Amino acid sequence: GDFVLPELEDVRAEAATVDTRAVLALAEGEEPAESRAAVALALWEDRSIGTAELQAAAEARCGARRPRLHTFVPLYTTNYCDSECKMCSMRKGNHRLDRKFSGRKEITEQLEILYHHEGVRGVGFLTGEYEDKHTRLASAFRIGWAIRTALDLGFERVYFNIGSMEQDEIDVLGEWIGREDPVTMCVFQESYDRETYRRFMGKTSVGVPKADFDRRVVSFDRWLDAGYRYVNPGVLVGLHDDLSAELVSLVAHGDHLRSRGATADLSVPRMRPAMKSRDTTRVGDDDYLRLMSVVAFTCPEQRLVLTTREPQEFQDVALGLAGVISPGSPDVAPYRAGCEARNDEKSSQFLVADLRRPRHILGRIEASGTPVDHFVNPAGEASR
């Protein structure tokens, strides 16, 4: 009943049988005979189909989706972590980081700034991942409180991203919400290749909690077992060299979740500068746009998430492939009324490319002709 990784050579054989031209000719809402992972792989590898042309087809295939876009802004509630991801500044072994923790007052204040000054109605809560059972339970407790507090303030959509979760940790978080609340669990597998995964996340059985690949990947299945609905898998683009392998696995994971009745967003964040202990693969814009396109096309009801990891000029080109736009900063309690958010290298998880205020970024998107749901521009008669 739990997700099982696809056999990449099996998908390759099925991809060899799809007619990619016929696929592009499909009407919106119409579904290929072959599996999504096989169709995505075939589109990816058929270089007679230009990336620009794939992108236009993906945007059209997703064109009917309503709302076109919605938003959430991240709120990192702490930058403590017990794990050791080599591409992340929050890794426990990074003794250079200034560690911070938001209490009741600070979390509430940040939510009020986001709500009234940035005009947003979507928020995400983030933490590190912790090793011992009591710390994981206490973290779930705190984040559960934060989710409930946000919902009560009038946030209409809440994400959380707090590491892998076992059944009893979900129990503790779940006592804060209802099974029908608009709450999405985020757990990016980073890489679905077990060998690349171990290279960046570490080896198991040594107090490094995220090194357990399996606990992480079945977290959505536990969430669904408990009766919840919204989930957000992802790949960290730049870890594994073979992008065709990751897109096959992510699309396979999305497809599994869909079969279980879940609503899934799909995230493919691209690497940003951080205090790393191993370096990564820089993925060019064309490969990245091609990847987003084949995922968006074959998974048309599963929204891609685009974040301010990316610079303004890239958002300009890619926004049409996305279903979620998420501006913000990965620093602890970084927001302040009337000021740009902090992204201090001394305390941030990584450095973002776009530090413009969410309400500016989202306002410009709306002014260009795309409304953003969960955004209320704090303007005119809706200004205080």
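Residues carry their position along the shown sequence, with the first being 1.
- Relative to its counterpart among 323 to 331 and 59 to 67, 59 to 67 has the higher mean temperature factor, C-alpha atoms as listed in the PDB entry.
- Higher mean CA temperature factor between 90 to 98 and 199 to 207: 199 to 207, per the PDB entry.
- Per the PDB record, 278 has a higher Cα B-factor than any other of 121, 104, 278, 270.
- Highest C-alpha temperature factor among 337, 54, 355, 40 per the entry: 40.
- Among the modelled residues of the chain, residue 261 sits in the highest third by CA temperature factor in this PDB entry.
- Among all modelled residues in this chain, the alpha-carbon of residue 351 has a temperature factor (C-alpha) in the middle third.
- Residue 287: CA B factor in the middle third of modelled residues in this chain (values from the PDB entry).
- Ranked within its chain, residue 317 lands in the middle third, by CA B factor from the PDB record.
- Split the chain's modelled residues into thirds by C-alpha temperature factor. Residue 194 is in the highest one.
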